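Read the structure below first, then the notes.
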Amino acid sequence: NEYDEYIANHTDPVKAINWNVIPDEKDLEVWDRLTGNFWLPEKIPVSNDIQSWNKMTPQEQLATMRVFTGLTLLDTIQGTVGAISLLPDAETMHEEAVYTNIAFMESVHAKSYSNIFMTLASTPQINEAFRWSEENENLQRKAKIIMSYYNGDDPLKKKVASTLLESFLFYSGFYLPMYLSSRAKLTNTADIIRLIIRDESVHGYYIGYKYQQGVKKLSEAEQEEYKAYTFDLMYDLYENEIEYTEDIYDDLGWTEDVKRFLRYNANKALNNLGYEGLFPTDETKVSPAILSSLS
Amino acid sequence: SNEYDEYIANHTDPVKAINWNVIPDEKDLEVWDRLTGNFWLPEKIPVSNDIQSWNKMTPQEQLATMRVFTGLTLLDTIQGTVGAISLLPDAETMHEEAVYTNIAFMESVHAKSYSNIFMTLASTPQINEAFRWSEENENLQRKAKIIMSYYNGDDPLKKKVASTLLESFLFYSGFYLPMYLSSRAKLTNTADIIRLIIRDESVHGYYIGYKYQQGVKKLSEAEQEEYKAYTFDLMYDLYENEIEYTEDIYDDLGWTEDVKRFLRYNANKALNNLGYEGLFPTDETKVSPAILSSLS
Ligand SMILES: [Fe+2]
Ligand SMILES: [Fe+2]
Ligand SMILES: [Fe+2]
Ligand SMILES: [Fe+2]
């Protein structure tokens, strides 16, 4: 009887998913792509990076620990809160299934950074990197800005925040292993980062597509409001990311190229949402060597 | 000012990144490793090799198969997109939250597997009728809504009891069929998919039940008694409903009595996963050897 009330408030039949009928073809395409790309960090021999790691400066090692812990924080949030927050607003049952894959793969991504750390770093290094992630104002601000939308009640805003996280927020951290890879350092770790990017690229394209489908149902007036909100939010995350990037890379001296990479990915994120870039292309000229290391 | 400022000002604790170098409950790592190491997709099993025994099967056997499988699909659809997801907020550890994201995804894989089996063996009219039967069947909608009522409620421990009864008991009236058929070298590739599904469900039920046990042992003496009463009462309510579902699916075929013994067998296993003694005397759980041998 305790559940009688619920049965009375939910009278429509509960549906089982049928994959023999796909209302939106992109849901099957993405499900197949993402599941076809399943991987676990154990598949990559990060151990072969220890000589490279041991030749990295104390400073190089520190920046690496910090960027990876900030990426870990973002995957933790996207896996346990972000992807899950999109379920209620799904247009199809297949899309709900895709989000369960995205949630799990985000957990795989987050664990990957620990695999890298348990292979290369010392316990004190790991402890200090996680403490740093808790105390860093810029990392905590970007995390809380995104969480504020996941915990809010606007479904389209959750999608914008999720796409900006997947197609923009991770990039200030992805630069480091890509830069290092193009200099033959941490090359095995970079392969893990490449598998992560292979997933995030799809996640951002997909969720951005679902945002577009959703926003297109609104009046021209409402659409301009959401576009303005999106650009305003991207501007804010970009300003916060600039500070985060300066503190991480200034010492190493890679800052200016990382900022070009930030503008490059900010535009790609907005393109995933159906919008033009925020930055003129001439302001997005990150090193082509970094771009080719991504693939 | 900013839309998000209030939120930020109300959440001063740092957001924590999962750290797999510090694991408060070693069971979370054990289960993560077992479940991820057991990853599979239905396309990796050669279901097409079952076309012959399928087309050798009787209309009664095919109908029961379609309906049993759509009923299992419905349970996996709910567990992946509603149930596992509901357990996340109450997790004791971050590693437990990660395990639940794996369970959610694998439940979606399980649900999809039945569509792979149907697309390989059945006709489109058979598939459409089975999904329509699933939406109309009172016993199936009832078991689904009873479990969903707890996932959508606000009591963490009841979500875990409901999940464990779903994973260790509610799927069994349907798993009986492929185990029986494979014992007759029929739909053997399909049975292999079912065994991969059980390999997962048995670990999910053990794990969520373990979490329930840890959580309930923390409560007052009176609350522990209330939760035990709640668990046996929900188990019996689900059992009585499952008896009706089972008779309607299996009476024509005449497998009903053996399926009911299998229900009692698994009901006890589900209760054990929650830390409780079985509800059914062992003498009432003498499932046929063929079935127990086919599971293995
Ligand atoms: Fe990720
Ligand atoms: Fe992602
Ligand atoms: Fe399942
Ligand atoms: Fe399960």
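Quick notes on this one:
- The set of residues in region A:240-289 being in a loop (DSSP other than H, G, I, E, B), hydroxyl-bearing (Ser, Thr, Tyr) and farther than 18 Å from A:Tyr209 by Cβ consists of A:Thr284, A:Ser287.
- Tally, over region A:204-215, of residues that are near ligand 2 (Cβ under 10 Å from one of its atoms) and of a type outside the set (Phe, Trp, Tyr): 2
- The residue that is surrounded by the fewest Cβ atoms within 10 Å (Cβ to Cβ), counting only those in region A:241-262 that are free of Cβ contacts under 8 Å to residues at least 24 places away in the same chain and farther than 13 Å from A:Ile290 by Cβ, is A:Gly253.
- For B:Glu96: the one exception among (1) closer than 25 Å to B:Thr36 by Cα; (2) in contact (Cβ under 8 Å) with a residue 60 or more places away in the chain; (3) in contact with a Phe, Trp or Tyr (Cβ under 7 Å, 6 or more places away or on another chain): (3)
- Extreme residue, surrounded by the most Cβ atoms within 10 Å (Cβ to Cβ), among residues of region B:1-56 that are among the polar types (S, T, N, Q) and more than 30 Å from B:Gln126 (Cβ to Cβ): B:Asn19
- Filtered by the rule that a residue be assigned to a helix (DSSP H, G or I) and either more than 8 Å from every other protein chain (Cβ to nearest Cβ) or within 15 Å of ligand 2 (Cβ to nearest atom) (or both), region A:89-101 gives A:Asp89, A:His94, A:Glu95, A:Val98, A:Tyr99, A:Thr100, A:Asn101.
- The set of residues from region B:111-128 being more than 7 Å from chain A (Cβ to nearest Cβ) and among the small types (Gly, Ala, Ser) comprises B:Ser113, B:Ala122, B:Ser123.
- Considering each residue of region A:64-77 in turn, at least one proves to be touching a residue at least 60 places away in the same chain (Cβ under 8 Å), more than 14 Å from ligand 1 (Cβ to nearest atom) and more than 13 Å from chain B (Cβ to nearest Cβ).
- When B:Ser108, B:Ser53, B:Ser86 are checked against the criterion of being under 17 Å from the mean Cα position of the chain (by Cα), more than 9 Å from every other protein chain (Cβ to nearest Cβ), part of a helix (DSSP H, G or I) and not aliphatic (A, V, I, L, M), a single residue qualifies: B:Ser86.
- Candidates in region A:173-200 are the residues that are touching an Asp or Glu at 6+ places or on another chain (Cβ under 8 Å) and of a type in the set (S, T, N, Q); of these, the one that is farthest from ligand 4 (Cβ to nearest atom) is A:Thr187.
- Scanning region A:129-140 for residues that are at the interface with chain B (Cβ under 8 Å from one of its Cβ atoms) and either touching a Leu at 6+ places or on another chain (Cβ under 7 Å) or buried (at least 19 other Cβ atoms within 10 Å of the Cβ) (or both) yields A:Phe130, A:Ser133, A:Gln140.
- Filtering region B:274-296 to residues that are over 20 Å from B:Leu165 (Cβ atoms) and touching a helix residue (DSSP H, G or I) at 6+ places or on another chain (Cβ under 8 Å) leaves B:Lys286, B:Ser288, B:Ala290, B:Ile291, B:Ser294.
- Conditions (1) touching a residue at least 40 places away in the same chain (Cβ under 8 Å); (2) closer than 20 Å to B:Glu242 by Cβ; (3) β-branched (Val, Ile, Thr); number of the one not met by B:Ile194: (1)
- The condition (being in contact with a helix residue (DSSP H, G or I) (Cβ under 9 Å, 6 or more places away or on another chain) and under 24 Å from B:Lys143 (Cβ atoms)) is satisfied by just one residue among A:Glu42, A:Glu2: A:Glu2.
- In region A:201-225, the residues that are surrounded by fewer than 21 Cβ atoms within 10 Å (Cβ to Cβ), in a helix (DSSP H, G or I) and either away from ligand 1 (no atom under 16 Å from the Cβ) or of a type in the set (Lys, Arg) (or both): A:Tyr209, A:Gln212, A:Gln213, A:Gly214, A:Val215, A:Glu220, A:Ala221, A:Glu222, A:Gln223, A:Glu224, A:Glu225
- On the stretch given as region B:90-105, residues that are within 14 Å of the chain's Cα centre (by Cα), aliphatic (A, V, I, L, M) and within 16 Å of ligand 1 (Cβ to nearest atom) total 1.
- Subset of region A:26-48 that is within 13 Å of chain B (Cβ to nearest Cβ), among the hydrophobic types (A, V, I, L, M, F, W, C) and in a helix (DSSP H, G or I) - its residue that is farthest from the chain's Cα centre (by Cα): A:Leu28
- The single condition among (1) surrounded by 24 or more Cβ atoms within 10 Å (Cβ to Cβ); (2) within 20 Å of A:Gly277 (Cα to Cα); (3) not aliphatic (A, V, I, L, M) that A:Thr189 does not meet is (2).
- Per the listing A:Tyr249, A:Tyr244, the residue uniquely in contact with a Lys or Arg (Cβ under 8 Å, 6 or more places away or on another chain) and either away from ligand 3 (no atom under 16 Å from the Cβ) or over 19 Å from A:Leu180 (Cα atoms) (or both) is A:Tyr244.
- Any hit, region B:144-160, residues being within 16 Å of ligand 2 (Cβ to nearest atom) and facing chain A (nearest Cβ under 8 Å): no
- For B:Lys16, the stated conditions do not hold, so it cannot be described as in contact (Cβ under 8 Å) with a residue 60 or more places away in the chain and within 21 Å of B:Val203 (Cα to Cα).
- Close pairs from region A:102-123: first more than 16 Å from ligand 2 (Cβ to nearest atom), partner not polar (S, T, N, Q) and not in a helix (DSSP H, G or I), Cβ under 7 Å, at least 6 apart: A:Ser114/B:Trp20
- Filter pass, B:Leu121 being away from ligand 3 (no atom under 16 Å from the Cβ) and buried (at least 22 other Cβ atoms within 10 Å of the Cβ): yes
- Of the residues A:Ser201, A:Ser219, the single one that is without any contact (Cβ under 8 Å) to a residue 40 or more places away in the chain, within 15 Å of ligand 2 (Cβ to nearest atom) and at negative phi is A:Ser201.
Each value in this text was obtained by applying a stated rule to the coordinates, not by laboratory testing. Positions of Cβ are generated from backbone atoms using ideal geometry, with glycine treated the same way; all protein chains shown enter the neighbour counts.
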